[PDB]
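Student: If you read the sequences in order, they're chains A and B. Going left to right, the first sequence walks through residues 21 to 155 as our numbering numbers them. Going left to right, the second sequence walks through residues -12 to 136 as our numbering numbers them. Ideal Cβ placement from N, Cα and C applies to all residues, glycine included.
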Amino acid sequence: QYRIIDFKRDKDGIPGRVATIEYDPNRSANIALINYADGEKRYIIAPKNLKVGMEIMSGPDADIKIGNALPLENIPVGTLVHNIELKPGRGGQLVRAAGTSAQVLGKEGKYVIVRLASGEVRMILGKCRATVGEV
Amino acid sequence: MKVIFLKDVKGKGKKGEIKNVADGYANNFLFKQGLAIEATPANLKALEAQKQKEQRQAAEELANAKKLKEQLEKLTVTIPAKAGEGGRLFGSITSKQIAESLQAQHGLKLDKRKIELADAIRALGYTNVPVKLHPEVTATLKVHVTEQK
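(1) Using a Cβ-Cβ cutoff of less than 6 Å, which residues in the same chain neighbour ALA70(B) once the five nearest sequence positions on both sides are dropped?
(2) Please confirm whether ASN88(A) and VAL152(A) have their CB atoms less than 8 Å apart.
(3) Would you list, in chain order, the members of the segment 66 to 92 of chain A that have their beta-carbon closer than 9 Å to a beta-carbon of chain B?
(4) Compare the C-beta of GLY78(B) against all C-beta atoms of chain A and say whether one is closer than 8 Å.
(5) Thinking just about the alpha-carbon of each residue, which of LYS136(B), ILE5(B), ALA13(B) and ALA9(B) is nearest to the one in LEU34(B)?
(6) Would you call the CB atoms of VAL155(A) and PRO45(A) closer than 8 Å?
(7) Applying the 10 Å Cβ sphere with the 16-neighbour rule, what's the burial state of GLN84(B)?
(8) Could you name the residues of the same chain whose beta carbon sits closer than 6 Å to that of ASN7(B), not counting the 5 residues immediately before and after it, in chain order?
(9) Based on the DSSP output, what are the partners of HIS102(A) in its beta bridges?
(10) So, does the segment 58 to 74 of chain A touch the segment 31 to 46 of chain A, judging by three or more C-beta pairs under 8 Å?
(11) Return the first residue and the last residue of the alpha helix (DSSP H) that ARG43(B) is part of.
(12) Rounded to a whole number of angstroms, what is the C-alpha to C-alpha distance between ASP106(B) and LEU136(A)?
(13) May I ask which residues mark the beginning and end of the alpha helix (DSSP H) holding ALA86(B)?
(14) Give a yes or no on whether the C-beta atoms belonging to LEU106(A) and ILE54(A) are separated by under 8 Å.
(15) Rounded to a whole number of angstroms, what is the C-alpha to C-alpha distance between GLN90(B) and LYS53(B)?
(16) So what's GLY74(B) in DSSP terms, helix, strand or just coil?
(17) Taking the Cβ atom as the reference point for each residue, do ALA150(A) and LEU92(A) lie within a distance shorter than 8 Å?
(18) Can you list, in chain order, the residues of its chain with a C-beta nearer than 8 Å to that of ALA86(B)? Leave out the 5 residues immediately preceding and following it.
(19) Could you give the DSSP three-state label for residue 160(A): helix, strand or coil?
(20) Shortest alpha-carbon distance to residue 157(B) belongs to which of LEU128(B), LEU17(B) and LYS136(B)?
(21) If you check the beta carbons only, do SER88(B) and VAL64(B) fall under 8 Å apart?
(22) Would you mind stating whether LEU17(B) and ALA23(B) have Cβ atoms separated by less than 8 Å?
(23) Starting from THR65(B), follow the beta strand (DSSP E) in both directions and report where the run begins and ends.
(24) Here's the rule: buried if 16 or more other CB atoms are within 10 angstroms of the residue's CB, otherwise exposed. What is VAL72(A)?
(25) When the Cα atoms are used, what is the spatial distance from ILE108(B) to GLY74(B)?
(26) Please determine, among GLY3(B), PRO67(B) and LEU95(B), the residue with the shortest C-alpha to C-alpha distance to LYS136(B).
What follows is the structure, encoded as structure tokens:
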């Protein structure tokens, strides 16, 4: 019964609650069920240390909390991130749910420099989103 | 043969680059690729008219940018915003907000592309933003970011 994971995190403004956190053998990672304030339900890869009960939000006004998803430009330098988007509104294509969360190193103009766990460094457009936390 | 160049000149010589081209060749190549046209006394006067209107327009525009620059320099846009950390904002005030508050409060509809903001305003206070109303007309827009909530 392989579940549907939300790698888009586009329910901006609408608060959600970590309903549960379970393992997904098809993803060799944990996933969480999120119940949103509007009735919608969605699964997400559960960052490290995310617990049942905590709130989740996405978008420019989101709080900088593990599990929250925001455009790279709205994220504090030094924060660890995963499920990094390469193209605004195309969902995350980098660190989706396996590996090691990258890290914001600097913000320049319309770019956000990020160092992948491989020491690799990339300057992604701030418009691209990423989830706070360790995968 | 005199000819009215429609295209291939300094970009588009369609303004009215009237040059005497070799007859035949003209009507065999230029006239063929729509590059030039017969310098008939009708399509010559008809050209004059377009150049005359293009010249009037360019002047209206300049005159408008100039009056518009006067209206702007008397205003003060007021954008309230959530701040905390020593006046520091939670988000950033950019060209679209500024453009919007300008329309909403002053009745001016300006393209945000003209608001020459560099780095997005991320702090409470006053900021003089340049506005490029025209190639040779820039005005100073005073923007005022106030703490809300």
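Tutor: Let me spell this out:
(1) Excluding positions up to five away in sequence, the list reads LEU76, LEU111 and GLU134.
(2) Between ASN88(A) and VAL152(A), the C-beta gap is smaller than 8 Å, which places the two residues in contact.
(3) Residues passing the 9 Å Cβ filter: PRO80 and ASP81.
(4) Yes, its Cβ sits closer than 8 Å to a Cβ of chain A.
(5) The candidate whose alpha carbon is nearest that of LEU34(B) is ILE5(B).
(6) Not in contact: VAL155(A) and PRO45(A) (Cβ atoms no closer than 8 Å).
(7) Buried is the call here.
(8) Within the same chain, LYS(-11) come within 6 Å of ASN7(B) by CB-CB distance, once the 5 residues on both sides are set aside.
(9) Partner(s): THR151(A).
(10) Short answer: they touch.
(11) Counting along the chain, the alpha helix (DSSP H) containing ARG43(B) begins and ends at 28 to 59.
(12) Roughly 26 Å separates the two Cα atoms.
(13) Segment 82 to 93, the alpha helix (DSSP H) holding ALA86(B).
(14) Not closer than 8 Å, so no.
(15) One alpha carbon belongs to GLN90(B), the other to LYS53(B), and they sit about 19 Å apart.
(16) Helix, per DSSP.
(17) Closer than 8 Å, so yes.
(18) Only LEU97, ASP98, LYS99 and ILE102 meet the Cβ criterion.
(19) Since the displayed chain A opens at 21 and closes at 155, residue 160(A) lies outside it and no answer follows.
(20) In the structure displayed, chain B extends from -12 to 136; residue 157(B) sits before or after that span and is not available.
(21) It is a contact, given that the beta carbons lie within the stated cut-off.
(22) Contact annotation: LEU17(B) and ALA23(B) have beta-carbon atoms nearer than 8 Å.
(23) Note, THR65(B): beta strand (DSSP E), 64 to 68.
(24) Per the 10 Å Cβ criterion, exposed.
(25) Linking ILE108(B) to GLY74(B) through their CA atoms gives a straight-line distance of about 12 Å.
(26) The shortest Cα separation from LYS136(B) among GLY3(B), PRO67(B) and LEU95(B) belongs to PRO67(B).
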